[PDB]
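Okay, here we've got a single chain as structure tokens, the form deposited in one PDB entry, with questions on binding and movement later.
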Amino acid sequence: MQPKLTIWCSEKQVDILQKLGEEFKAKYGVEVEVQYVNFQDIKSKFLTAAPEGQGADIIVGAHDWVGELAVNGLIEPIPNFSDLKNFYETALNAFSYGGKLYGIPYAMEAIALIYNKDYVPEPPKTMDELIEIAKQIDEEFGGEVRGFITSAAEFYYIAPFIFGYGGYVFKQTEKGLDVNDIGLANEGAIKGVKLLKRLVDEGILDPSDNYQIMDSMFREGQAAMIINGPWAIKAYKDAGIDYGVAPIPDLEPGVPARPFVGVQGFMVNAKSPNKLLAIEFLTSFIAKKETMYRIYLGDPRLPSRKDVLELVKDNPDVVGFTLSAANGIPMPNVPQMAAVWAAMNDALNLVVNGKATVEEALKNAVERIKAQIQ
């Protein structure tokens, strides 16, 4: 009786994983099923389903999930394998928690300025320049083209401002992250969110702006500049957008934006009776040089396998995202990170809708996070 491996992933990885699964099935007789799940729903769907025996055998996603999923006993440790040496230790460590490896990374990433060269032949070097350019575009195209869009109320996208000015999630110490020392309402975090509010107040961003508006408008030729990640580029290229990638403009002279750095990878369900076969699929096939490069070609980010990064290092997009990631900060993978996102998103929603001062919203966010952690 042929066994089956089911994979959950975002829309970006489906086609390539589907094809690779078909190849694995032809060779080995193992059925492979690739199921789209919206990225924002994967971890919660898995937290719910895995204990009920209805979780996928493999899930694809971001390394910040690892602590939460590892402490809850839902993802399987990955034993050593022949290709381990071929992956950057930084990417492996992102997928490691409590001394064990919990995923096979395929790429790293950070958000950056993506710009449509039809509207902005040369990208802005500072946020002040970006603001002027966006206002010009907004006036000149009289509403049909947005000067600038990002997900205005989503912490992940506003983090580069927060971190740029010296905010932090959990204090980095020589003994590790201090989850009792939260920096998301410190003076730097306030200054970063005040920059967000400035963008809204100057009419550059709208309170309703979110990921879908950003992504669709840019893909459809109706946005000059956005702050988004490498996951979005292939769709833009396929839609015929003449785009470039550059670091987010410096917040002020000599003060760079500092985005989150993420690592994307494959994780195995510890409750799955196919976990051994899932691990084999990942280490013996997914992890190989050609397979990792083919994943890049289907979903181009920053490859985590060293000899694959070497193949793409001169792609202008890789160059741009790399320059952005160089000023960035890896997301924590500790379980407590789960408590951060909703509180901060809610704070930023209050700010961009003029419901609270930056100081009040962020101070309350931090109180909420601490209570949840404790």
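The numbering used is simple: start at 1 and walk along the sequence shown.
Margin query: Quick check on the record: does 32-40 or 323-331 carry the larger mean Cα temperature factor?
Written below: Taking the mean B-factor of the alpha carbons in each, 323-331 is higher.
Notebook entry, point to check: Which of the two stretches, 122-130 or 162-170, shows the higher mean Cα temperature factor in the record?
Noted result: Of 162-170 and 122-130, the stretch with the higher C-alpha B-factor average is 122-130.
Note to self: If I read the C-alpha B-factors straight from the PDB entry, which of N228, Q264, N274, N72 is highest?
What the structure shows: Of the candidates given, the C-alpha B-factor peaks at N72.
Note to self: By the CA temperature factor listed in this entry, which of these ranks top: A223, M292, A152, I137?
What the structure shows: Each of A223, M292, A152, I137 was compared by C-alpha B-factor; the highest is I137.
Note to self: Please place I241 in the lowest, middle or highest third of its chain according to the CA B-factor in the PDB entry.
What the structure shows: Tercile = middle for this residue's CA B-factor.
Check: What third of the chain, by the recorded C-alpha B-factor, contains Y115?
Finding: According to the entry, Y115 has a C-alpha B-factor in the chain's middle third.
Check: Ranked by Cα temperature factor within the chain, is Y97 in the lowest third, the middle third or the highest third?
Finding: Middle third.
Next item on the list: Would you mind ranking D57 by its C-alpha B-factor against the rest of the chain and naming the third, lowest, middle or highest?
Entry: As the PDB entry reports it, the C-alpha B-factor of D57 lands in the lowest third of its chain.
Check: What third of its chain's C-alpha B-factors does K45 belong to: lowest, middle or highest?
Finding: For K45, whose C-alpha B-factor we compare with every modelled residue in the chain, the answer is the middle third.
Omitted here: the form deposited in another entry. The next part is about that form.
Next item on the list: If you could, name the hinge position out of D41, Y28, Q172, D314 for the rigid-part rotation between the shown form and the other one?
Entry: Checking each of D41, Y28, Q172, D314, the hinge one is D314.
Note to self: Taking the cut-off of 3 Å or more as given, in which direction does the distance between the C-alpha atoms of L92 and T322 change in the other entry, closer or farther?
What the structure shows: It is closer: the C-alpha separation of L92 and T322 falls by at least 3 Å in the other entry.
Item checked: Change in CA distance between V14 and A232 in the other entry, which is 3 Å or more, as closer or farther -> It is farther: the C-alpha separation of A232 and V14 rises by at least 3 Å in the other entry.
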